[PDB]
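As structure tokens, one chain now follows by itself in the form deposited in one PDB entry.
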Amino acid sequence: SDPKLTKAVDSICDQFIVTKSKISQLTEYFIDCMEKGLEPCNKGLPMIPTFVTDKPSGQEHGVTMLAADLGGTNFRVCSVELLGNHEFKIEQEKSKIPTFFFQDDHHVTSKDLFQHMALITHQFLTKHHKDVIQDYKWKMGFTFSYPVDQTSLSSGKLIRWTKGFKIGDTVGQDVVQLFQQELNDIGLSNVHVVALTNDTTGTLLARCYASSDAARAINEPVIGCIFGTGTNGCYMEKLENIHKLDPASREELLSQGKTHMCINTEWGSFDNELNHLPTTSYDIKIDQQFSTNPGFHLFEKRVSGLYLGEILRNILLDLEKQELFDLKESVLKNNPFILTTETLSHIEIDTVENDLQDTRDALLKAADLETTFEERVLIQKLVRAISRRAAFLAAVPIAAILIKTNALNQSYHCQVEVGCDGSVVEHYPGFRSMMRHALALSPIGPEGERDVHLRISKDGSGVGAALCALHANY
């Protein structure tokens, strides 16, 4: 019960507090950054057009689409059978990405990556659709959740590799052409990649297709966002406000009956100048020393589940330098990311009436960190401070979008749906509960939070991609 340690922990916890005033300030600045990014090309969000202008109804049926997803660990290819009535049949296969693609001393080229993806695609069709592999007229949606300068539904150039990829010659190239050329070269020229999509876009479309007609009567999906190891979100913006879009293209869509286009905000790079975002010593150390892309996606680094546990590690290391916390032969030193957000899951809701056994056990399993009960009480305070900051900042982009689009007060009993995927928002105990708190503190107030629904929406990288491809031409 070292009072020096206790006073140190309380002061560190106070550095993570996000006040009502701060939420308001960031919500206003986020809308400003949204508008700057919609202007033609800054301190504005990427606000990247996705060229998706139609939300599915849920009754589309009578078609089978293909979908491919390149992630940080696996490459997935699947077939999506739309059955109507909010249902679908899906067959999928995942294969690990060779580790050579994440190491930069192997002369890895874009042809190596996209030829391997074409191979996996060929293996999938040979297994699940052998009779129609070379004959069928497949339409495929390519889920590519990386910074991409999208110029149409089927064309976009890689801006920067994230998630640890190390393929240099992909930057600046249309990834749809790179993938299509390899698909042609292995005898799958009948597989046309007709859509380039994000996991955020897919999450929104997937929720629109599964959202029942009775549910969708008063509920309306307005946002598709991810809160996992990374963060991002998308929403529907009025065509008139997307000034960076070719004004001639705008009129073409307006005459065809379109009124909105989904925007990939890429809000992980929100306020990278840190003009208003919080910043602790631990946030700076994580950015400049333990990040694959130092200086980028700083907002992401304050909410993502990849860094939450690391924030705690650096807090305990700093407490050990002050001779306030005894690591007692642990393995926290010189082992970045050894404390994961999963470790914190067992500490967040751990009960003190159990002498914090789950906390004791969770720390021994991760780094053989032996602890006293009084130390665990204080470690829990640090964890709860870390997660609340992430949860409160996570609500800012959502609040900003609902205010800009004036989506809450659209009709009597108007309810809005925020489709959410990701390890943190889905499984971190009380994360969504704390997001709802921040929303109630944000300018939408308690009245608005009551009409907002954070609903978990899975299958974004499969059904969502298939839906983008349905309306496009083979």
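Numbers follow the displayed sequence, beginning with 1. For clarity, a rigid core is taken as the largest C-alpha set superposing within 1.5 Å between two forms.
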Where the other entries model residues on both sides, is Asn42 skipped in at least a third?
yes
Enter the number of deposited residues without atomic coordinates between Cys41 and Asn42, binned as none, 1 to 3, 4 to 9, or 10 or more.
4 to 9
Using only C-alpha atoms and the B-factors in the entry, which stretch averages higher, 166-174 or 215-223?
215-223
Please compare 340-348 with 324-332 and say which has the higher mean C-alpha temperature factor in the record.
324-332
According to the deposited entry, which of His129, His297, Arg313, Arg389 has the largest Cα B-factor?
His129
From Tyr282, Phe270, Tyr307, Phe102, residue of greatest CA B-factor:
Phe102
Report the third (lowest, middle or highest) to which the CA temperature factor of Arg207 belongs, ranking only the modelled residues of the same chain.
middle
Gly445: CA B-factor among chain residues, third -> lowest
Going by the entry, which third of its chain does the Cα temperature factor of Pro98 land in?
highest
Check where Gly37 lands among this chain's C-alpha B-factors and tell me if it's the lowest, middle or highest third.
middle
Which third, lowest, middle or highest, does the C-alpha temperature factor of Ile12 belong to within its own chain?
middle
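The form deposited in another entry exists for this protein as well; it is not shown, and the discussion that follows is about that form.
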After aligning the rigid core, which of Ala118, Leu316, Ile286, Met236 is the one whose Cα travels 2 Å or more between this form and the one not shown?
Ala118
Post core alignment: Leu441 C-alpha displaced by 2 Å or more between this form and the one not shown:
no
Any chance the CA of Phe373 moves 2 angstroms or more between this form and the one not shown, core superposed?
no
Is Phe270 among the residues whose Cα moves by 2 Å or more between this form and the one not shown after superposition of the rigid core?
no
